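The chain below stands alone and is given as structure tokens, in the form deposited in one PDB entry.
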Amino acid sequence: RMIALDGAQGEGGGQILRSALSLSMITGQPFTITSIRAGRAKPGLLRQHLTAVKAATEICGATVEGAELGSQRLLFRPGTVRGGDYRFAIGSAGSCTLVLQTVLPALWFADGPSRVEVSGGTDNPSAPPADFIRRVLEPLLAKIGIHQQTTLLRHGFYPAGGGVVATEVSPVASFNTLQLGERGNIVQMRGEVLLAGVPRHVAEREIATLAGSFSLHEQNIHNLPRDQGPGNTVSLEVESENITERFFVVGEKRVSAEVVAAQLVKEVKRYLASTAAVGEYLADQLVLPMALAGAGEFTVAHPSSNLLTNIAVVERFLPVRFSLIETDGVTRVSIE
């Protein structure tokens, strides 16, 4: 029939819509969603979300209502998913990777390989950076039997954007079972600073802060002598025995370089303070792929609203069921 979704679910952001689009294309099940981001400062469909809808529409030849900027209602009726070479432009500093997050799962079930290229923002503060997708998520997808490779072609910063991200995807031959338990011992911690159109000395200060708190196996400075810009992100990649995570902070307008590294340090020690293998963000991004695979599990310290939202949406579209059991401040998310 028709699946009616409440956009106010969880934190009431764009996540429910992106996950809905993915699952609708895959299952063929049509859906309607009201109150899309209705509680936000900038409510309704933004350029990122509209581009996500337009991308999903082009890929499966969908019947759509309300695909417009600021629209808080969408009706989406999917058709047949087609593999191929796709290109989309957000037209702002909107997250390229979140647009990719939307349509990539559908292409896992295509006839042949596909490629999707999206232009826009590349290092948004509240989205997975292309480097996170490539180095954290995708190695885990591969273990599940999903083959996609993401490449950042060009960096785009707020507010101009102009960045470019592309992903290559092959159809899934066979799904597998990935079971992530405790995080296990730390193998390496790599610190990285991205610079573009901002003072050079900034990077050296930020790395010094990191090394004092963890001692980095790598201290990397990546200058972008182009515009590009202006932009600055500080990352910390945490490689443990059974998993690799990555945390980042975007150096902003007013804030000093000394503190942006410090708040990254706090965020990382928070992750380290738990035995949880998966961070709060990666947790919500593993729900759909594990659901589609029919099995799998992971541990996370504190299940976010986006995590629980993705679970709820999945359960509406798929016959899979998630159990969430907490053991000593750590939550095991498993498919029953």
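Rigid core (definition): largest C-alpha set, two forms, superposition within 1.5 Å. One rule holds for the numbers: they count along the sequence shown, beginning at 1.
Below: the form deposited in another entry, not depicted.
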Using a core superposition, identify the member of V64, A38, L272, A295 whose Cα displacement between the shown form and the other one reaches 2 Å or more. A38
Residue shift check between the shown form and the other one, rigid core fit, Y158 Cα at least 2 Å: yes
Can we say the CA of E11 moves by at least 2 Å between the shown form and the other one when the core is superposed? yes
Distance trend in that other deposited form - C-alpha atoms of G13 and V81, change of 3 Å or more: closer
Inter-Cα distance between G13 and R77 in that other deposited form, nearer or further [3 Å or more]: closer
